[PDB]
Amino acid sequence: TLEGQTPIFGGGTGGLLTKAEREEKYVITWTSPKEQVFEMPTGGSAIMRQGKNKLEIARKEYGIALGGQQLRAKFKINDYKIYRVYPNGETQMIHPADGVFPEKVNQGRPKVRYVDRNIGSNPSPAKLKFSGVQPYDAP
Amino acid sequence: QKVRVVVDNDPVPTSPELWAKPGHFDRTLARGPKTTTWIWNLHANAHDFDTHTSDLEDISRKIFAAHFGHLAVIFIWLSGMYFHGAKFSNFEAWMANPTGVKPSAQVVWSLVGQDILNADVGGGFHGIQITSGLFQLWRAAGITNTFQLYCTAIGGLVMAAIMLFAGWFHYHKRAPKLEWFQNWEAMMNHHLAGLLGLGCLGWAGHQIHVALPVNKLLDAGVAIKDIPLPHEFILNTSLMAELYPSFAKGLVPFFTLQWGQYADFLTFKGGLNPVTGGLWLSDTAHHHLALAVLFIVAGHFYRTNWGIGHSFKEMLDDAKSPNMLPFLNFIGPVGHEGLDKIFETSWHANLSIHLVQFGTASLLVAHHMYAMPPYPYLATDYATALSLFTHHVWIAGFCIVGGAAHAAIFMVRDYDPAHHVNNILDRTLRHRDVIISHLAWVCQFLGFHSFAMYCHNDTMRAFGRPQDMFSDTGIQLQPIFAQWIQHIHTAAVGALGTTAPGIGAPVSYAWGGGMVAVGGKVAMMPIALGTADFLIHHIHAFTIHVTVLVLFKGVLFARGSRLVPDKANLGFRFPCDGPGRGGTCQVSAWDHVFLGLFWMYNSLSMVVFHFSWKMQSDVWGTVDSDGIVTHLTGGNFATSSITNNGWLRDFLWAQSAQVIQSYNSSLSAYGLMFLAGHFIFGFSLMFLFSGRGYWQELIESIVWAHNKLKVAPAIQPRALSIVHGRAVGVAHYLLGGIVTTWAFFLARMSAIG
Amino acid sequence: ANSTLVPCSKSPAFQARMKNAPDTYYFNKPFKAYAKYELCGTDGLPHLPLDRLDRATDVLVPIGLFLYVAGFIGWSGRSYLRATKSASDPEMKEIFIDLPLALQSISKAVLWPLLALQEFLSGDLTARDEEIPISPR
Amino acid sequence: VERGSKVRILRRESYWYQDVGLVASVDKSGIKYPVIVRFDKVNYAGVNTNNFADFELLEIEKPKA
Amino acid sequence: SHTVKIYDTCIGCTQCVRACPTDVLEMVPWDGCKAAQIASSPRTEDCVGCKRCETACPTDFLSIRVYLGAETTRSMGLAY
Amino acid sequence: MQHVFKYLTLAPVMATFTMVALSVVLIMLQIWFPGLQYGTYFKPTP
Ligand code: CLA
Ligand code: CLA
Ligand code: CLA
Ligand code: CLA
Ligand code: CLA
Ligand code: CLA
Ligand SMILES: CC1=C(/C=C/C(C)=C/C=C/C(C)=C/C=C/C=C(C)/C=C/C=C(C)/C=C/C2=C(C)CCCC2(C)C)C(C)(C)CCC1
Ligand SMILES: CC1=C(/C=C/C(C)=C/C=C/C(C)=C\C=C\C=C(C)\C=C\C=C(C)\C=C\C2=C(C)CCCC2(C)C)C(C)(C)CCC1
Ligand SMILES: CC1=C(C/C=C(\C)CCC[C@H](C)CCC[C@H](C)CCCC(C)C)C(=O)c2ccccc2C1=O
């Protein structure tokens with residue numbers, strides 16, 4: 001289970017919906033040096049507590065916006081993590097993927113979806129007719 | 001001690017060097033143009049002062065100086081109307097025969113046949129018939145000759161120069177500190193007692209000493225040359241004694257609280273003057289005098305420097321649970337506490353509120369000026385009466401939209417989540433889904449139960465089943481609550497029994513109590529309400545609620561939504577956040593204002609169409625010797641306005657005969673402007689329907705041709721930005737539609753009014 | 001020969017318009033000129049035909065006059081633009097008109113038909129196709 | 001090409017295709033696009049600098065001196 | 001889901017990764033540019049298609065491209 | 001004063017001066033020679 005104490009919040013209409021309990025859910029956890037006010041991703045103001053915090057969010061973009069634009073840029077908090085929680089209880093940590101922020105180059109990260117040419121060398125779609133491959137996926 | 005004056009000396013040198021540096025106010029624009037988008041960005045950000053600098057003190061100084069500049073612009077415009085009414089008008093002829101001469105204060109030159117627009121307005125004068133009501137204003141003020149208008153024109157030009165010098169002085173020489181602008185209590189006290197209160201008192205003095213005696217002689221039939229000049233009524237006290245015997249006793253009754261002896265010139269009659277059809281000037285003198293006392297008293301409400309008075313901060317901080325009413329405690333334990341931070345730092349929030357209340361004021365001006373015509377020979381000047389209502393309805397609609405726009409600007413830019421923790425502003429944002437979903441539902445309910453019922457009427461009429469229509473002769477929808485108010489207000493004056501005994505005549509004849517005719521034309525008569533009025537009022541409720549829905553959704557979601565959670569970082573005005581998430585076009589708060597302008601136009605067009613048709617159908621008309629009234633459209637409204645085929649045929653098609661047949665006549669300019677408005681409306685449709693990607697690619701081919709001939713410009717041509725294209729489309733759409741209605745209204749009413 | 005067009009001084013519908021016209025500056029002289037010089041249709045209004053060998057100067061004079069003025073404006077702009085290309089900040093000379101340069105361009109544009117012919121003959125009028133930015137095909 | 005050289009772009013999808021730029025620097029490493037070219041006209045993104053390979057450039061004018 | 005591809009014109013300026021609102025991109029070691037790094041898209045399932053990465057890319061033409069494909073719940077940006 | 005002269009050479013200022021001057025020339029042509037038409041220019045008044 002994910003451990004942490006939820007920020008002070010009186011409730012709102014921008015919280016979780018049926019999708020959270022049916023398909024998937026996200027949780028962002030972080031640690032703050034003091035009790036202070038931050039803006040909820042879906043409107044309203046909440047108070048993050050002194051120790052370690054835990055916030056339930058409907059979409060992954062909420063955690064990236066909160067952690068990146070508020071926790072890091074404004075509050076200088078860099079230890080935030082984002083988890084994906086499934087209805088069966090399975091929880092996986094997705095941000096940062098390998099403990100290092102994606103914008104910082106890290107050894108061991110493989111190249112994914114890299115095309116070894118410039119964009120202007122993509123083949124014409126007429127050459128790949130009925131072959132099922134897109135010009136950007138062509139070898 | 002707390003309230004004091006503190007400024008800087010010479011904070012900005014007065015040099016024209018920056019006149020040669022376009023875009024100097026913006027860091028990006030200061031580098032110079034590289035594409036044509038730079039030119040548009042220069043004008044778009046010219047007056048966005050909070051993006052020129054982050055200093056609130058410097059921003060506030062720009063607001064103060066610029067406001068003097070706008071005041072100078074208004075004074076030049078006011079000087080123009082007085083000068084044109086003193087040099088190129090038939091004002092003197094109109095004063096002699098108000099009911100037989102059409103006001104005219106614009107004369108065109110004769111070069112290309114445009115002199116045909118010099119209409120035969122009477123009084124041996126040829127010119128454009130004006131519909132601004134300037135002549136009726138000036139007559140009510142006691143002005144009788146063109147020399148007085150000429151003097152007022154000179155005074156307006158002098159005031160314009162003084163306003164211009166004040167703006168330069170208070171920005172380049174003595175600029176007040178930020179704390180000077182933050183004196184809410186001092187500003188409220190001075191503007192209540194000193195601006196509204198003293199202005200009402202001063203105008204009451206002018207009405208009592210100048211307007212009342214001059215108009216009393218005018219209504220009695222005395223010629224212009226036999227009426228003494230306004231200063232003679234002040235010097236020769238005996239002249240005022242003859243008209244009003246109470247002036248023979250001087251100021252003694254005022255200082256002894258024996259004000260009842262002043263009842264001869266401070267009247268409380270109600271109704272309208274039978275001679276002119278306007279409100280009694282003695283009634284308005286007591287109205288403005290009572291306003292002056294009430295405003296001056298209100299100007300001692302706030303605590304400035306002597307302990308006495310109320311404080312904005314304490315009052316706001318106390319308005320919270322559990323100090324509220326038992327059923328109003330839902331606003332939470334914080335309540336209005338923290339809202340004082342908004343008014344300390346946010347100019348946009350104040351502009352939002354003030355633009356809303358200017359819309360409210362201008363709407364009250366429109367509604368209260370036709371039902372209670374305040375100027376002599378204004379009600380029977382049908383062209384002016386329609387123009388004044390329509391103009392001030394449109395001004396109010398733009399002001400309301402602007403209030404919503406700058407409310408959204410405050411949310412994006414000035415709103416601070418730390419200042420609003422569980423207060424009413426925070427709580428409102430936290431149930432915005434409750435508010436928007438309920439508003440969306442009531443908009444659907446109003447649309448079905450107002451407009452689709454017109455469609456029900458059209459289908460029934462086409463079927464040959466008038467008994468199944470929503471009408472006075474079919475399924476009736478009587479506006480009983482509005483009918484009840486008309487009866488209550490009529491019985492209040494004696495025409496829930498006599499609740500206002502002091503007023504003799506009905507406050508407004510539109511509610512009942514009788515009819516007033518002036519020059520063989522109806523000034524005001526009871527406006528009966530039936531099924532057609534029930535349907536049209538709920539059309540107004542529908543259109544207003546939808547306009548609220550568009551604007552209030554933009555304000556409540558300006559910071560973000562479930563779709564784009566970080567819209568605040570994107571700004572108030574951005575085109576989109578890409579084609580992702582299914583497509584996020586027009587998510588910004590600016591685009592909600594852009595869409596809200598269309599709905600304000602749709603809402604207000606039906607408002608002025610309702611006024612124009614109903615007044616022509618049931619109020620305006622001519623009265624014969626027997627007292628029988630024949631209306632301009634002969635009572636079409638009750639049976640024709642219940643279907644939109646009737647609106648298309650009996651209102652748009654029928655009443656456009658004047659503007660459509662105005663060629664080869666003095667009204668041909670209205671015919672030309674009628675087509676001009678139609679052109680601009682269709683022209684705007686390509687900006688609204690298309691996108692800049694097509695136009696940029698098309699410009700690429702055109703640029704190639706110029707490159708081929710070595711005539712390509714260094715400032716690279718670019719298609720208008722996505723936001724800019726939307727702004728152009730809405731600006732031309734509203735201009736075309738409004739100009740079309742302007743020509744349609746004025747051409748008809750200058751021929752049959 | 002077109003027979004439905006007759007001189008305006010002989011078309012009966014034309015004098016009906018002329019006598020009923022207002023007695024102002026806008027109708028006294030112009031109607032006299034229209035009657036003498038214009039051809040009127042059955043409607044009594046002047047019509048402009050392009051099927052007459054005669055009155056060809058009435059067609060060529062307005063056409064040539066416009067083409068000279070339009071070419072004058074175009075050549076003035078083209079020469080001014082080409083003169084600012086050698087500057088360090090050509091964009092700033094397009095929002096700030098360089099008066100000595102504009103007057104020089106305007107003066108030379110008086111003989112624009114001759115200058116355009118000379119540039120076309122020397123190949124200076126147009127840029128080559130491979131030296132012009134183009135999009136991928 | 002080298003620093004100060006005047007070149008013509010041959011990259012088809014470049015905004016400056018068949019246009020003219022000025023070489024700012026050449027990288028001596030084995031990177032794919034070592035030549036940096038600056039342009040007077042900005043592209044649609046407001047950028048006036050791009051990296052090109054040698055085969056994508058046609059030298060027009062030699063560097064001064 | 002959408003498809004995000006990175007071409008060899010990338011200069012490793014890390015701007016596309018910083019602009020992504022759902023953490024689709026990351027920087028990986030590379031030798032084709034001076035920065036010795038190139039953008040990668042290991043998590044395209046979370047890509048919403050906003051094309052913020054394309055806006056931030058300084059190369060001409062773009063070194064990163066988004067091709068909108070099959071829409072899922074998360075690619076449509078649905079909180080419900 | 002040199003800054004004022006530079007301001008007077010701005011594109012909007014020069015365009016306004018050119019449009020106003022051109023409008024004046026055309027306006028005065030209508031006053032002096034009203035009713036000019038194709039097939040009538042540069043012909044003596046009858
Ligand atoms: C006496 C002449 C004079 C001179 C030389 C300057 C010079 C300057 N002013 Mg200034 N100003 C003046 C009068 C003058 N002002 C007056 C009378 C007012 C009161 C309205 C102001 C209000 C004012 C503000 C609020 C600000 C300046 C700023 C500036 C500086 C930037 C230049 C600029 O505005 O570029 C623009 C150059 C132009 C030629 C624009 C003119 C277009 C006008 C304004 C539009 C027409 C509206 C007009 C005022 C209506 C009345 C005119 C009437 C005849 C119709 C510059 C030092 C700004 C500053 O400090 O820089 C950051 C700034 O924020 N001034
Ligand atoms: C009794 C004092 C008094 C009066 C009458 C005003 C009047 C005004 N203030 Mg103001 N103000 C005051 C005190 C006063 N202020 C104080 C004490 C403060 C500091 C807290 C401010 C701070 C303030 C700000 C920050 C702003 C104003 C603005 C305005 C104008 C609002 C626009 C309007 O309604 O146009 C009214 C139109 C008129 C033509 C009214 C007449 C205007 C002149 C200047 C009044 C002169 C009256 C004077 C007694 C001479 C009378 C002579 C004779 C008739 C007896 C208006 C002219 C706004 C503005 O536009 O600034 C220019 C603005 O932004 N005021
Ligand atoms: C007291 C009135 C008032 C004041 C002081 C402001 C002040 C401001 N508004 Mg605002 N606004 C108002 C009323 C007001 N507004 C109203 C009534 C509306 C509703 C229509 C709006 C809608 C509005 C929007 C949508 C936006 C602003 C913005 C702004 C800011 C930048 C100003 C700007 O862009 O320059 C104006 C520059 C222009 C080039 C506009 C002139 C072009 C107009 C539309 C032409 C009008 C046509 C003409 C009247 C008739 C035809 C002319 C003929 C030649 C054909 C500034 C703080 C902008 C901002 O960023 O705010 C922070 C912004 O995006 N306002
Ligand atoms: C309740 C306010 C009120 C009302 C009803 C009137 C009514 C009248 N005035 Mg008057 N006036 C007022 C205030 C008012 N005045 C003030 C404050 C001043 C300046 C100090 C003047 C100065 C003035 C002059 C100089 C003249 C008039 C004239 C007139 C008459 C013409 C009709 C008219 O103006 O439209 C009626 C206007 C309305 C129905 C609404 C506008 C009134 C204000 C703007 C309402 C503001 C309320 C606002 C929306 C709510 C604020 C928010 C809230 C939280 C407080 C009429 C009898 C003319 C005349 O001669 O009469 C025959 C004339 O020449 N007035
Ligand atoms: C005449 C054209 C027209 C019509 C009918 C509508 C209709 C609607 N608009 Mg709309 N709109 C239009 C033009 C139109 N718009 C234009 C030109 C713009 C550009 C500015 C907009 C911009 C706009 C915005 C920005 C918003 C709307 C909203 C709405 C809805 C308001 C709620 C309502 O009235 O529900 C009742 C529905 C109607 C009155 C539609 C007519 C129904 C007919 C008469 C009866 C049908 C009978 C039966 C069901 C037929 C079924 C038979 C079967 C075989 C099909 C509604 C769906 C708002 C919304 O969604 O609020 C919830 C909203 O926010 N529109
Ligand atoms: C320097 C002046 C100039 C010159 C010589 C040309 C020349 C040309 N343009 Mg062009 N154009 C110009 C300015 C100019 N343009 C401007 C300012 C615009 C923006 C409105 C355009 C918009 C434009 C379009 C959209 C198209 C052309 C096309 C063409 C070509 C044939 C049609 C034609 O003559 O345009 C007709 C003229 C116009 C459409 C508008 C130009 C009128 C402007 C207002 C005159 C400006 C004069 C300038 C200010 C003089 C300043 C000089 C001074 C400093 C000394 C031809 C190569 C067409 C093409 O590609 O043909 C193959 C085409 O589709 N132009
Ligand atoms: C709405 C509007 C308008 C306007 C209107 C008007 C007309 C207004 C007015 C206003 C006014 C009309 C104001 C007034 C003011 C006043 C004042 C402010 C006064 C003051 C005074 C005083 C201060 C006095 C003093 C004294 C003396 C001098 C001596 C002895 C002592 C004593 C103290 C008594 C217009 C249309 C334009 C535009 C649109 C909007
Ligand atoms: C007889 C006649 C007629 C007809 C005519 C025709 C049919 C013609 C044709 C024509 C053509 C078939 C043409 C062509 C052309 C081509 C081209 C290719 C061109 C080019 C041009 C250019 C290149 C120009 C340039 C310039 C100049 C010179 C100046 C200004 C600037 C610019 C640069 C624009 C009509 C009936 C109408 C009328 C009467 C007479
Ligand atoms: C037509 C159109 C364009 C093309 C329009 C452009 C590029 C603006 C052109 C403005 C011109 C240059 C202003 C001057 C026009 C005057 C009529 C010129 C007067 C000339 C005198 C001699 C009379 C867009 O760029 C666009 C962008 C986004 C959505 C819709 C559209 C759109 O609809």
# chains A, B, ... in the order shown; residues from 1 in each chain; ligands from 1
>>> interface_residues(of="chain D", to="chain C", cutoff="12 Å", atoms="only C-alpha atoms", output="list in words")
residues 7, 8, 9, 10, 11, 12, 13, 14, 15, 16, 17, 18, 19, 20, 40, 41, 43, 58 and 60 of chain D
>>> residues_near_ligand(ligand="ligand 3", cutoff="8 Å", atoms="only C-alpha atoms and all ligand atoms", output="MDAnalysis selection string")
chainID B and resid 40 43:50 348 351 354:355 398:403 405:406 409 572:573 590 593:594 597 727 731 735
>>> select_by_dssp(residues="chain F", states="helix (DSSP H, G or I)", output="PyMOL selection string")
chain F and resi 2-8+11-32
>>> write_last_selection(atoms="N, CA and C atoms", output="compact mmCIF listing (two decimals), in the first residue's frame")
# COMPACT_ATOMS: atom_id res chain seq x y z
N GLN F 2 14.25 65.70 -33.40
CA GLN F 2 14.68 64.69 -34.36
C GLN F 2 13.91 63.39 -34.19
N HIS F 3 13.46 63.10 -32.96
CA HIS F 3 12.64 61.92 -32.74
C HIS F 3 11.25 62.10 -33.33
N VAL F 4 10.72 63.33 -33.28
CA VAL F 4 9.42 63.61 -33.88
C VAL F 4 9.47 63.42 -35.39
N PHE F 5 10.54 63.89 -36.02
CA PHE F 5 10.69 63.71 -37.46
C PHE F 5 10.78 62.23 -37.83
N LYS F 6 11.51 61.45 -37.03
CA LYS F 6 11.59 60.02 -37.27
C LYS F 6 10.23 59.35 -37.10
N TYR F 7 9.44 59.81 -36.13
CA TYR F 7 8.10 59.28 -35.94
C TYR F 7 7.22 59.57 -37.15
N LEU F 8 7.38 60.75 -37.76
CA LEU F 8 6.57 61.12 -38.91
C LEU F 8 6.82 60.24 -40.12
N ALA F 11 5.36 53.91 -40.96
CA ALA F 11 4.46 53.40 -41.99
C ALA F 11 3.02 53.83 -41.79
N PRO F 12 2.40 53.71 -40.61
CA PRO F 12 1.02 54.21 -40.47
C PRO F 12 0.88 55.70 -40.70
N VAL F 13 1.88 56.49 -40.29
CA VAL F 13 1.80 57.94 -40.47
C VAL F 13 1.94 58.30 -41.95
N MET F 14 2.90 57.68 -42.64
CA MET F 14 3.08 57.95 -44.06
C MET F 14 1.90 57.45 -44.88
N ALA F 15 1.35 56.29 -44.51
CA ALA F 15 0.18 55.78 -45.21
C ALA F 15 -1.02 56.70 -45.04
N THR F 16 -1.21 57.22 -43.82
CA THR F 16 -2.31 58.15 -43.59
C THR F 16 -2.12 59.44 -44.38
N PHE F 17 -0.90 59.97 -44.42
CA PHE F 17 -0.64 61.17 -45.21
C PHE F 17 -0.87 60.92 -46.69
N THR F 18 -0.43 59.76 -47.19
CA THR F 18 -0.61 59.45 -48.60
C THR F 18 -2.09 59.25 -48.94
N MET F 19 -2.82 58.52 -48.09
CA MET F 19 -4.24 58.29 -48.34
C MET F 19 -5.03 59.59 -48.26
N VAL F 20 -4.69 60.46 -47.30
CA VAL F 20 -5.38 61.74 -47.17
C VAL F 20 -5.10 62.62 -48.39
N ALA F 21 -3.84 62.70 -48.80
CA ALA F 21 -3.48 63.52 -49.95
C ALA F 21 -4.13 63.00 -51.23
N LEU F 22 -4.12 61.67 -51.42
CA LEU F 22 -4.76 61.09 -52.59
C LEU F 22 -6.27 61.31 -52.55
N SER F 23 -6.87 61.20 -51.36
CA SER F 23 -8.30 61.45 -51.23
C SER F 23 -8.64 62.90 -51.56
N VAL F 24 -7.79 63.84 -51.14
CA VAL F 24 -8.02 65.25 -51.44
C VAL F 24 -7.98 65.50 -52.94
N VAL F 25 -7.01 64.89 -53.63
CA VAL F 25 -6.90 65.08 -55.07
C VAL F 25 -8.14 64.55 -55.78
N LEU F 26 -8.59 63.36 -55.40
CA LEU F 26 -9.78 62.79 -56.02
C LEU F 26 -11.03 63.58 -55.67
N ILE F 27 -11.13 64.04 -54.42
CA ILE F 27 -12.31 64.80 -53.99
C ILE F 27 -12.41 66.10 -54.78
N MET F 28 -11.29 66.81 -54.92
CA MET F 28 -11.32 68.08 -55.65
C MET F 28 -11.58 67.87 -57.13
N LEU F 29 -11.19 66.71 -57.67
CA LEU F 29 -11.53 66.39 -59.05
C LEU F 29 -13.03 66.22 -59.23
N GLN F 30 -13.71 65.65 -58.24
CA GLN F 30 -15.17 65.53 -58.31
C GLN F 30 -15.83 66.90 -58.23
N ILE F 31 -15.28 67.80 -57.42
CA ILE F 31 -15.86 69.14 -57.29
C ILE F 31 -15.67 69.92 -58.58
N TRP F 32 -14.46 69.89 -59.14
CA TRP F 32 -14.18 70.67 -60.35
C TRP F 32 -14.82 70.05 -61.59
>>> interface_residues(of="chain A", to="chain D", cutoff="12 Å", atoms="only C-alpha atoms", output="number ranges by chain")
A: 116-122
>>> write_last_selection(atoms="N, CA and C atoms", output="PDB file, in the first residue's frame")
ATOM      1  N   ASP A 116      16.236   6.270 -38.107  1.00  0.00           N
ATOM      2  CA  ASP A 116      17.615   6.591 -38.473  1.00  0.00           C
ATOM      3  C   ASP A 116      17.657   7.271 -39.846  1.00  0.00           C
ATOM      4  N   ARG A 117      17.016   8.435 -39.905  1.00  0.00           N
ATOM      5  CA  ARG A 117      16.997   9.283 -41.090  1.00  0.00           C
ATOM      6  C   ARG A 117      16.322  10.591 -40.707  1.00  0.00           C
ATOM      7  N   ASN A 118      16.444  11.579 -41.587  1.00  0.00           N
ATOM      8  CA  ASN A 118      15.706  12.818 -41.413  1.00  0.00           C
ATOM      9  C   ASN A 118      14.252  12.625 -41.835  1.00  0.00           C
ATOM     10  N   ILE A 119      13.400  13.557 -41.401  1.00  0.00           N
ATOM     11  CA  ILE A 119      11.975  13.458 -41.691  1.00  0.00           C
ATOM     12  C   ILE A 119      11.684  13.527 -43.186  1.00  0.00           C
ATOM     13  N   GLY A 120      12.494  14.252 -43.955  1.00  0.00           N
ATOM     14  CA  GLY A 120      12.240  14.402 -45.375  1.00  0.00           C
ATOM     15  C   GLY A 120      12.492  13.168 -46.211  1.00  0.00           C
ATOM     16  N   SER A 121      13.035  12.108 -45.616  1.00  0.00           N
ATOM     17  CA  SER A 121      13.339  10.878 -46.331  1.00  0.00           C
ATOM     18  C   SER A 121      12.291   9.794 -46.119  1.00  0.00           C
ATOM     19  N   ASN A 122      11.153  10.129 -45.520  1.00  0.00           N
ATOM     20  CA  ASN A 122      10.088   9.150 -45.370  1.00  0.00           C
ATOM     21  C   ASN A 122       9.549   8.758 -46.744  1.00  0.00           C
TER      22      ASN A 122
END
>>> atom_distance(atom1="CA of residue 469 (chain B)", atom2="CA of residue 454 (chain B)")
9.0 Å
>>> closest_atom_pairs(of="chain B", to="ligand 5", cutoff="10 Å", atoms="only C-alpha atoms and all ligand atoms", output="tab-separated table")
residue	atom	partner	partner_atom_place_in_ligand_line	distance
B:436	CA	ligand 5	62 (C)	9.2
B:437	CA	ligand 5	62 (C)	8.4
B:438	CA	ligand 5	62 (C)	9.4
B:439	CA	ligand 5	62 (C)	7.6
B:440	CA	ligand 5	62 (C)	4.1
B:441	CA	ligand 5	62 (C)	6.1
B:442	CA	ligand 5	62 (C)	7.9
B:443	CA	ligand 5	32 (C)	4.9
B:444	CA	ligand 5	35 (O)	3.5
B:445	CA	ligand 5	35 (O)	6.4
B:446	CA	ligand 5	34 (O)	6.5
B:447	CA	ligand 5	34 (O)	3.4
B:448	CA	ligand 5	36 (C)	4.5
B:449	CA	ligand 5	39 (C)	8.0
B:450	CA	ligand 5	39 (C)	7.8
B:451	CA	ligand 5	39 (C)	5.8
B:452	CA	ligand 5	44 (C)	4.2
B:453	CA	ligand 5	44 (C)	7.8
B:454	CA	ligand 5	44 (C)	8.4
B:455	CA	ligand 5	44 (C)	6.2
B:456	CA	ligand 5	44 (C)	8.3
B:542	CA	ligand 5	34 (O)	7.6
B:543	CA	ligand 5	34 (O)	8.8
B:545	CA	ligand 5	61 (O)	9.1
B:546	CA	ligand 5	58 (C)	6.0
B:547	CA	ligand 5	64 (O)	7.9
B:548	CA	ligand 5	64 (O)	9.0
B:549	CA	ligand 5	64 (O)	6.0
B:550	CA	ligand 5	64 (O)	5.4
B:551	CA	ligand 5	25 (C)	9.1
B:553	CA	ligand 5	64 (O)	8.6
B:591	CA	ligand 5	25 (C)	9.9
B:592	CA	ligand 5	25 (C)	7.8
B:593	CA	ligand 5	25 (C)	9.9
B:594	CA	ligand 5	20 (C)	8.6
B:595	CA	ligand 5	20 (C)	5.4
B:596	CA	ligand 5	25 (C)	6.9
B:597	CA	ligand 5	20 (C)	7.8
B:598	CA	ligand 5	20 (C)	4.8
B:599	CA	ligand 5	20 (C)	5.7
B:600	CA	ligand 5	20 (C)	9.1
B:601	CA	ligand 5	20 (C)	9.1
B:602	CA	ligand 5	20 (C)	8.3
B:688	CA	ligand 5	19 (C)	9.9
B:730	CA	ligand 5	20 (C)	9.5
>>> residues_near_ligand(ligand="ligand 7", cutoff="9 Å", atoms="only C-alpha atoms and all ligand atoms", output="VMD selection string")
chain B and resid 74 to 75 77 to 78 191 193 to 203 358 361 to 362
>>> interface_residues(of="chain B", to="chain A", cutoff="10 Å", atoms="only C-alpha atoms", output="JSON, numbers by chain")
{"B": [416, 417, 418, 419, 420, 421, 422, 423, 425, 426, 427, 428, 429, 430, 431, 432, 433, 434, 556, 557, 558, 559, 560, 561, 562, 563, 564, 565, 566, 569]}
>>> write_last_selection(atoms="C-alpha atoms", output="mmCIF file, in the first residue's frame")
data_model
loop_
_atom_site.group_PDB
_atom_site.id
_atom_site.type_symbol
_atom_site.label_atom_id
_atom_site.label_comp_id
_atom_site.auth_asym_id
_atom_site.auth_seq_id
_atom_site.Cartn_x
_atom_site.Cartn_y
_atom_site.Cartn_z
ATOM 1 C CA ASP B 416 -3.648 33.647 -5.761
ATOM 2 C CA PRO B 417 -4.668 30.297 -4.204
ATOM 3 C CA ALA B 418 -2.929 31.196 -0.933
ATOM 4 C CA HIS B 419 -5.241 34.180 -0.391
ATOM 5 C CA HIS B 420 -8.395 32.046 -0.814
ATOM 6 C CA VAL B 421 -8.409 29.048 1.534
ATOM 7 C CA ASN B 422 -11.954 27.712 2.057
ATOM 8 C CA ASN B 423 -13.393 31.205 1.513
ATOM 9 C CA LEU B 425 -14.220 32.355 -3.872
ATOM 10 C CA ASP B 426 -12.432 29.052 -3.232
ATOM 11 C CA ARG B 427 -15.718 27.280 -2.482
ATOM 12 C CA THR B 428 -17.311 28.612 -5.679
ATOM 13 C CA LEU B 429 -14.463 27.200 -7.770
ATOM 14 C CA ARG B 430 -14.767 23.888 -5.910
ATOM 15 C CA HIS B 431 -18.385 23.301 -6.992
ATOM 16 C CA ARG B 432 -18.118 24.802 -10.476
ATOM 17 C CA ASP B 433 -19.358 21.490 -11.889
ATOM 18 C CA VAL B 434 -22.521 21.922 -9.807
ATOM 19 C CA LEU B 556 -15.005 29.263 -13.594
ATOM 20 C CA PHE B 557 -12.730 27.137 -15.810
ATOM 21 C CA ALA B 558 -10.143 29.807 -16.665
ATOM 22 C CA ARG B 559 -7.523 28.164 -14.437
ATOM 23 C CA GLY B 560 -8.187 24.739 -15.924
ATOM 24 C CA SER B 561 -10.574 21.846 -16.320
ATOM 25 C CA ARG B 562 -10.621 18.060 -16.337
ATOM 26 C CA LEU B 563 -9.425 18.246 -19.955
ATOM 27 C CA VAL B 564 -6.579 20.773 -19.640
ATOM 28 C CA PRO B 565 -5.621 21.074 -15.952
ATOM 29 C CA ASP B 566 -2.917 23.733 -16.487
ATOM 30 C CA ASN B 569 -0.002 28.497 -17.194
#
